[PDB]
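J.: sharing an experimental structure here, sequence included.
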Amino acid sequence: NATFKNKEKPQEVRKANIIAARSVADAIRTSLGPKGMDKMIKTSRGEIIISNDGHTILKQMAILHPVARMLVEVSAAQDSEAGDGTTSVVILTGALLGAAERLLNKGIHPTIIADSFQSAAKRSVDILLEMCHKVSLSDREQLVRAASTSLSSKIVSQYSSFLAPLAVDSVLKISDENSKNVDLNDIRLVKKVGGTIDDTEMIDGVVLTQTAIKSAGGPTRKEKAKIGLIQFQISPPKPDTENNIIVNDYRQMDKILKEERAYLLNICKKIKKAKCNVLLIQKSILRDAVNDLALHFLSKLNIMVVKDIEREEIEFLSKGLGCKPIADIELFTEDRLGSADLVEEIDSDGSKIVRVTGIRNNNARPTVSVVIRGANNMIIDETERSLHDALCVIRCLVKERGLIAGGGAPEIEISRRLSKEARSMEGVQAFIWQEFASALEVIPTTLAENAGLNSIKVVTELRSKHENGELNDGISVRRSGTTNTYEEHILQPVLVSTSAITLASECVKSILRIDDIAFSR
Amino acid sequence: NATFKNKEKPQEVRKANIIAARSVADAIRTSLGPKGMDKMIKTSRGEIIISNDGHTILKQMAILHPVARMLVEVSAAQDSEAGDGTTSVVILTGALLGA
Amino acid sequence: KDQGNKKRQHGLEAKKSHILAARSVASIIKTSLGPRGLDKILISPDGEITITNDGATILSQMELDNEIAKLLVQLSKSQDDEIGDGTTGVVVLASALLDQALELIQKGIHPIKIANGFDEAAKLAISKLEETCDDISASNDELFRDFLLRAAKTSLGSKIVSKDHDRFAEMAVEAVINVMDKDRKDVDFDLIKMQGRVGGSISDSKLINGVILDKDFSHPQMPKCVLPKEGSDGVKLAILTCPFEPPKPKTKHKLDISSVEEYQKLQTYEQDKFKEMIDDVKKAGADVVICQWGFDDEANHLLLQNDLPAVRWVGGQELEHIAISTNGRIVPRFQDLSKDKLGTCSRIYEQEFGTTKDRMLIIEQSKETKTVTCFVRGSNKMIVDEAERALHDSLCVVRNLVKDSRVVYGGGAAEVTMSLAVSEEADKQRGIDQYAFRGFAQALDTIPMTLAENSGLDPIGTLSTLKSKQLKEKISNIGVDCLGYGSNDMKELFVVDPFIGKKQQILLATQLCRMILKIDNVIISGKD
Amino acid sequence: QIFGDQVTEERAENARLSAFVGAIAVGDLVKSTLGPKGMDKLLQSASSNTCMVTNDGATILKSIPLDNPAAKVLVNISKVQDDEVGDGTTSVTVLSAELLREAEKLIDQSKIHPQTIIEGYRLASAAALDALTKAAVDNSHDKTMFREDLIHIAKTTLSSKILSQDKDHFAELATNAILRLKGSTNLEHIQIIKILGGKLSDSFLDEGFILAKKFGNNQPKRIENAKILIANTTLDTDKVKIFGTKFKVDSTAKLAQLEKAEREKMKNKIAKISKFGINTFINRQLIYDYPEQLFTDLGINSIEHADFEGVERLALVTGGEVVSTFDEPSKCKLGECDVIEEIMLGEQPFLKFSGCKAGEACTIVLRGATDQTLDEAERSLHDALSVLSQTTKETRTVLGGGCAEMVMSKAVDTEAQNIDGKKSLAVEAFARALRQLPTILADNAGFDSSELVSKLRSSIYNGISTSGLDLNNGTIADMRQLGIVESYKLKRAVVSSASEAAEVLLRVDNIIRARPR
Amino acid sequence: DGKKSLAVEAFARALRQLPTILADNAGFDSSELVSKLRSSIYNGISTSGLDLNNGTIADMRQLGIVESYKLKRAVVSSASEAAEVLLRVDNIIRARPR
Amino acid sequence: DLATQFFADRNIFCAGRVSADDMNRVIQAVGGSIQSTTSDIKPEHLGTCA
């Protein structure tokens, strides 16, 4: 026949948008699952990396297309809210965009597509909630099992029996029962080489990466301490401008040397007058945090000094200990000091790690630090990496309580449910809902492919088995087939699946609404 | 000012018609009168002919343009009806086309 | 030097090139001729976009290399200096004469014969402008002022001003009256200052018998006016270039202060000097001080406490404008003030303009003045600009009408009368000249035809009607229906032009045509 | 030869097209953004690192560079709409482009001089404006129904913005903020506070005119019966407004004597200020510990670093004065309020007021996920508050959803019944342009714009001139039952501005650009 | 109904092209004559038509400008069907040329 | 501006910024002479016009 000509062709932009975005999603798709494939990336600086980390791939993918880059923000939002599923949400987005492309080819306006997909997404969330197996954050065993399970894909899985409950106590210290949103940024992970994995502590205070006094005579440990934050540098005067000094006798140079020493001492003495026991000095590249001579003078004053403390560490000190930043030297006063019962440096196989513990003050805030030890860099890195994931899994259990079986289980169930519920819909919504349900299958399809299994066979077995089961049937790479998701311990927090449905739908909404791009300079 | 866009340009044909016709008339014009100037034509056979007779010239000018040829028919009509003025009827045609 | 890379034209080919180039450039402003003409977009060297139909602005904006076209620009300058009402007409007419010259040259008429023919034909046209003119001031003052307002109102009807042309018509006519004497009848437009500011609408425009400074007397608690001082000679003001403060350094103070004591002494020294200056200004007989520069905080404190208002940040020219209004002098120092140089005015006060919060400071004469200010408002920059230009055009008309009481009707009416007169006389030439006299009349026809075409009318059907009415029945004020009426009567439509206007338009346009025709060789070098 | 030295000219032969094409191209920038279901555009600088998405007409028109001076004309006019009215910016730009689009046809096919097109547009505009007046309905009486109209006005303007999802909540926040005033249209009496954390649906309206900057190191957290004095003065030292002054000393002891002299000044300065009879003191400049303690000992709050927004916001709700001069007490205006509190909102300190003199002022507090969501919500309320303020003074409204546009086109076609020939074509063109706005609305919403508008044409023609587009179901509905109304003045502004905008471009027949400088 | 509305108006626009062409060929301003003629026939006076010799609007009964009813039926009927024939075409299929 | 007010109160007429050609023609017409300074002026520098 013949229909609207649309001499102006914004559809060319919508096509380019979907084509570019689906290409990114199809690329990352191959990395889904414990059996997923690795990628090689040569970066713009010439360094070549191999990784299967979804976010790292997209970050180093160097996406240029103005719309496809949205999938990077999707993986960031997934990592920010859930902390897991950063690959799945991108794959789902791609499949939904493919569904949108077919709908566009059928003459469905992108406004209709976006609105109908949102309605289907709302039902998917409800279905996920119905499938949840509820847990309580008061039941440490439920949380340890959830954390240890997610850590089964790590290089060292055996020590999860100890790292998992550490993550639980770290979260519960900040996730009291009457809460929903838990901010894990209050849990600082501080690592040093030395010791082994078991030698890991959950601390109710602030732990630093920096050492105590290096100079002779320093106390290096204070009890019943008042703690100040120094943002100024304690160093001899070194003006950046021009100065012309004439020295004709050694007596003049001695006066100059006395000026440098007296300056450092005068600061040290003024600090002591504030009754401060521990000096925690912010790192700066302008001048040295504390001169060697200042450490000598401060040591004689029985003051403990911790130099070159990172900016982020200062933010943790100023929240936990009750201490406040001190911008300048004359502003150093008692009112700016915090509280701690003991400040000490611990030397565990040369760890040289400083800990501030025992605030014992109403200024205490729910800050958490973790002390990570291990002989090799790989030991402390794998410990840190494992705790980061364990904390995110537990956070998910607090925000949206319960776990749902993995292996594509909710994707098969939701697809079947929406396929049947669509039968109650009319018009474009009925057809679009069917396309949404079909798009969901990209996940159990991809998992079957990467596991070495026949795609159609695995997906077909799951769809039929869900006639009797709900969440118990899914893909197990361990058993290389469709088996019992619970007996195989294949569990994913509700928040992760819920976030993937929401964010993928929001991305498709955002992409379909783009009909043009203009330059602005 | 802003006026008729003139995307379709029928004036282009009339301009070509007038330009071609006036060119024929101006060629004949210079031979008007007992003191007029002669025309020389090399014919398709290579022969050289010289004449100030408008009608004889027009026949041998071998005008191509379908509309300019009509000025030759005008001189034929004058030769048939009057037998004189055969040069002047085309010259007046040229000037009136210029008007 | 550098004989090469030059251009040269000469002879018959130069004559065709010169006229055709003049046509191409002159044609640019054809659509500006008439109250219903079209605007053009002009982009400044800095990228600012403006819209105007002002003939002078468009011709000035056109920066071209064709030397013959540059002569057309010089023509418009002459018309602007003398009359002001013919900026476009003289270029359109001169172009028409050049177009006629082209055909005349092609027919074998020597450029000199063309120049002489056009000149003599112009003498016929000018003669008709005088014989058919009328007098406005030959009645009385009440009708004379009314006629000046009516002429302004007609001229304003083609401008954005039209929304409230009654207000602007009064501004133009009263502005002229305030700076002229009935017996002398010398009007100098330089005595009328134009001013405006973006905001509100054109309906808030006002004529001020004085100057606008737009100042707050230097403190919000300072009285909003200067008192008449119990029947004194109005209000007396000082005009200073030095600010009412001890001189300050141009960079930093760098004045060593050892303690609060020396700081307080520095404050005291200033406060004592401020009092000393207050006493001297008041003893001079001055009520308010206007300075080129601003005032210090201590200055405003002592000026307020002692009830001596002062005006801050009034620029060089603005200070002279105060003196011109108030017959004062610009004094370099406060210590040189005396009653003989202090300016005199009726009152100094803040004037409110509806809800406008500026509450501008005005110094008013309330009598015959050496300057008035025509303050223009508007909802945008180009509205204020156009409205301000609208007053300029009206002031040009009113000024011309006061100086020479003789008027003609030029809205395509006088042009047809002159065309017919030259055409009828052309038959009497009995010689070669008939070619130029008939061409001259045809050149005159270009104006009423351009006025018709620019208005959406058939220029040929219109001109035929105009000639038929003036020829078949009687010559009268029958012109082009540009504004819209039920007939062509320019008296019922009230379209009136000064006699000296139409006279100079033809004479200068003819001179320009002759100037271009008189050039037989153009040599253009490079640009160093 | 003609123009040279980098001058550019477009002669009438081509400018007669550019005058239309340029401004028409501007319409293409925002035509897709009209309506609650509008579509988005991307903006990106050459750096590639500024990529953003927006459907805000004003943002798009200002952000995108134009190469055609004729195009720049319309954007400059549209800006004025955005600054003076605060709504309808897209509608003016779209309608202006369509008025010129049809006018181009009147040049191309009909050979109508621009003067006749302009005159016809003027007459057609009068017909359209008369239709708006006749269709305008007020509820000046029964303020209960007037408030309901304000809610519908709030939802209509808030739509298409980030708040369109939560408009059921923010419509009442905007309505209550203006209803509280029932008076002046000055939006300075309503502030918006942007706080991170929480959902936008959690936004509150707080009559306390919350200020977002804490004062003091150690001062009372609550004052009753407060007199408010604002300042811009140095209280830290003497040598006030003296620049470059140094003190030459042979010892630090002598330098200390200077600091002691400075304290002598501070003691006298604070005493003179306290003689104004104040309870809280606000200084645009910093207040060091010394003058702070001197105020604290007297029971006076010391507020420091009160920048432009600090002074203007605090001065307004308290009714005070900046008072640059403190030479003598009781020579300035003081503000007044019943209570000033230090309050924590989202674990951030704020200043909360109560009982202020003429305390009709208020604030709406936003709770957003990130800065982008707060900035869009802030502007969204600002636009709604502007239109709502106009409906406080002008109680007449018209029906939206394309109803007012179709009713106007009905009158315009009626006007063409008795008009000169070529002017008739101009008037008909005006009506056709008016019907393009509801066409764009239906099109962007993804519906059969031809069926929806054509049915609307029949509906409005054959009586019941209450119907309009249902842009949610894709059908024709009664706008009064659907609840889609627009300010009478706002709709008048759209017609007036678009009509003038067309005339400005219609009068153009040439573009001249002088040599760059 | 909605969808068919524009088609019906389009039919009318085609009908008024003939008096436009008539005026244009006669060298007159068709935009003025056709627009004014329409307003005459619209506001009653349904006797008026084009005066293609004077360039104005005239009463056709006074001028004697009449056309056969049967012919006008044929012209409208043939033009309507003639359009339909090509309106029903959206594909052109050619066999091997000979 | 000060100089002309000073001179005006002395009933002395000033005209400055005069071109070198116009200045010479004035002096050459009145019989005077141009002096650079004011401290070195002689009565023979003055000219007279009718």
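T.: Structure's in. What do you need? Residues are numbered from 1 along each chain as shown, chains lettered A, B, ... in the order given.
J.: ends of stretch D:327-345, what's the gap?
T.: 39 Å (Cα to Cα, to the nearest Å).
J.: run the contact check for it versus chain C.
T.: Yes - using Cβ under 8 Å from any Cβ of the partner chain, stretch D:327-345 reaches chain C at residue D:327. Where C-beta positions appear, they are placed from N, C-alpha and C, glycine not excepted.
J.: may I see the buried residues of that stretch?
T.: Neighbour counts over stretch D:327-345 (16 or more other Cβ atoms under 10 Å in any protein chain shown) mark D:332, D:334-337, D:340, D:342, D:345 as buried.
J.: turn those residues into TSV, columns for distance to residue A:485.
T.: Output for the buried residues of stretch D:327-345, formatted as TSV (distance: Cβ to Cβ, whole Å):
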residue	distance to residue A:485
D:332	76
D:334	73
D:335	68
D:336	69
D:337	64
D:340	60
D:342	54
D:345	46
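J.: which one of these is nearest to chain E?
T.: residue D:345 (53.5 Å; Cβ to the nearest Cβ).
J.: what separation do you get for the closest one and residue D:200?
T.: Going from residue D:345 to residue D:200 by Cβ to Cβ, to the nearest Å gives 15 Å.
J.: ok, now residue A:119?
T.: 21 Å.
J.: and what of residue A:172?
T.: 31 Å.
J.: so what's the residue count around residue 364?
T.: Answering for chain A, as no chain was given. If you count neighbours by other Cβ atoms under 10 Å in any protein chain shown, residue A:364 ends up with 18.
J.: let me rephrase: I mean chain D.
T.: A count of nearby residues for residue D:364, using other Cβ under 10 Å, gives 22.
J.: surely it and residue D:190 touch.
T.: Yes - proximity of residue D:364 to residue D:190 meets the contact threshold set by Cβ atoms under 8 Å, at 7.2 Å.
J.: overlap in contacts of the two?
T.: residue D:177 (Cβ atoms under 8 Å, 6 or more residues apart in numbering or on different chains).
J.: would residue A:379 count as being in a helix?
T.: Yes - under DSSP: H, G, I helix; E, B strand; the rest coil, residue A:379 sits within a helix.
J.: now do the contacts for it.
T.: If you count contacts by Cβ under 8 Å, 6+ apart, residue A:379 has them with A:156, A:196-197.
J.: quick one: it from chain C, how far?
T.: Counting by Cβ to the nearest Cβ, to the nearest Å, the separation of residue A:379 from chain C is 63 Å.
J.: can you give me every residue that contacts residue 154?
T.: No chain in the question, so chain A it is. By Cβ under 8 Å, 6+ apart, residue A:154 lies in contact with A:160, A:382, A:385-386, A:389.
J.: hmm, I had chain D in mind actually
T.: Residues in contact with residue D:154, defined by Cβ under 8 Å, 6+ apart, are D:167, D:170-172, D:174-175, D:384, D:388.
J.: at 7 Å what do you get?
T.: Going by Cβ atoms under 7 Å, 6 or more residues apart in numbering or on different chains, residue D:154 touches D:171, D:174-175, D:384, D:388.
J.: so in chain F, which helix runs the longest?
T.: For chain F, the helix with the greatest residue count under DSSP state H is helix F:20-30.
J.: how about the residues of the stretch 401-517 of chain D by chain E?
T.: Within the stretch 401-517 of chain D, the positions adjacent to chain E are D:417, D:421-422, D:424-425, D:450-451, D:454-455, D:457-458 by Cβ under 7 Å from any Cβ of the partner chain.
J.: how about a cut-off of 8 Å?
T.: Residues of the stretch 401-517 of chain D lying close to chain E by Cβ under 8 Å from any Cβ are D:417-422, D:424-425, D:450-455, D:457-458.
J.: ok, which pair from those is furthest apart?
T.: By the measure Cβ to Cβ, D:420 and D:451 form the most distant pair in those, at 34.9 Å.
J.: now residue C:199. Its backbone dihedrals?
T.: Main-chain torsions, residue C:199, degrees, to the nearest 10: phi 140, psi 150.
J.: can you report how many residues neighbour it?
T.: By the criterion of other Cβ under 10 Å, residue C:199 has 15 neighbours.
J.: which residues touch it?
T.: Residue C:199 touches C:356, C:377-379, counting by Cβ under 8 Å, 6+ apart.
J.: repeat for residue A:500
T.: Contacts here follow Cβ under 8 Å, 6+ apart; on that basis residue A:500 touches A:78, A:82, A:85, A:88-89, A:92.
J.: my guess is residue C:238 meets residue C:288, correct?
T.: Yes - Residue C:238 lies in contact with residue C:288 (Cβ under 8 Å); the separation is 7.3 Å.
J.: what's the burial count for the residue lying closest to residue C:519 once chain neighbours are set aside?
T.: Excluding the flanking residues, the one nearest residue C:519 by Cβ to Cβ, 6 or more residues apart in numbering or on different chains is residue C:18, at 6.8 Å. If you count neighbours by other Cβ under 10 Å, residue C:18 ends up with 24.
J.: quick check, residue C:18 in a helix?
T.: Yes - Residue C:18: assigned to a helix according to three-state DSSP.
J.: what number of residues lie near residue C:27?
T.: Residue C:27 has 14 neighbouring residues, counting by other Cβ under 10 Å.
J.: can you tell me the closest non-neighbouring residue to it?
T.: For residue C:27, the spatially nearest residue (Cβ to Cβ, 6+ apart) is residue C:95, at 7.4 Å.
J.: what about the one you found, which helix or strand?
T.: For residue C:95, the host element (DSSP states H and E) is helix C:89-106.
J.: what's the answer for residue A:147, then?
T.: Using DSSP H and E, residue A:147 maps to helix A:140-150.
J.: quick one: contacts of that helix?
T.: Here helix A:140-150 makes contact (Cβ under 8 Å, 6+ apart) with A:84, A:135-137, A:157, A:160-161, A:163-165, A:167-168, A:171, A:389-390, A:393-394, A:397, A:403, A:489-491, A:493.
J.: so how far is that helix from its chain's centroid?
T.: Taking Cα atoms, centre = their mean, to the nearest Å, one finds the center of helix A:140-150 at 19 Å from the center of the full chain.
J.: now do the buried residues in it.
T.: Going by 16+ other Cβ under 10 Å, helix A:140-150 has these buried residues: A:142-150.
J.: what residues does the stretch 301-450 of chain A put near chain D?
T.: residue A:335.
J.: ok and the residue in the stretch 351-500 of chain D nearest chain A?
T.: Taking Cβ to the nearest Cβ, the stretch 351-500 of chain D has residue D:446 as its residue nearest chain A, at 3.1 Å.
J.: and if you look at the stretch 1-150 of chain C?
T.: With Cβ to the nearest Cβ as the measure, residue C:47 is the residue of the stretch 1-150 of chain C nearest to chain A, at 14.7 Å.
J.: ok, how many other residues are close to that residue?
T.: Neighbours around residue C:47, by other Cβ under 10 Å: 12.
J.: report the buried members of the contacts of residue A:154.
T.: Neighbour-count burial (16+ other Cβ under 10 Å) applied to the contacts of residue A:154 gives A:160, A:382, A:386, A:389.
J.: which ones among these lie within helices?
T.: Residues of the buried ones among the contacts of residue A:154 located in helices (DSSP H): A:160, A:382, A:386, A:389.
J.: out of the residues you listed, who's nearest chain D?
T.: Each of those was checked against chain D using Cβ to the nearest Cβ; the closest is residue A:389, at 24.4 Å.
J.: hmm, the closest one is touching residue A:84, no?
T.: Yes - taking contacts as Cβ under 8 Å, residue A:389 lies within contact range of residue A:84: 7.3 Å.
J.: C-terminal to the helix or strand residue A:503 falls within, what's the next element?
T.: Here residue A:503, judged by DSSP H and E, is contained in helix A:494-512. Downstream of helix A:494-512, the first helix or strand assigned by DSSP H and E is strand A:514-519.
J.: all helices for chain F, in order.
T.: Assigned by DSSP H, the helices in chain F fall at F:2-9, F:20-30.
J.: chain C: which of those helices is closest?
T.: Judging the helices of chain F by Cβ to the nearest Cβ, what sits closest to chain C is helix F:2-9, at 5.2 Å.
J.: how about residues contacting that closest one?
T.: C:329-330, C:332, F:13-14.
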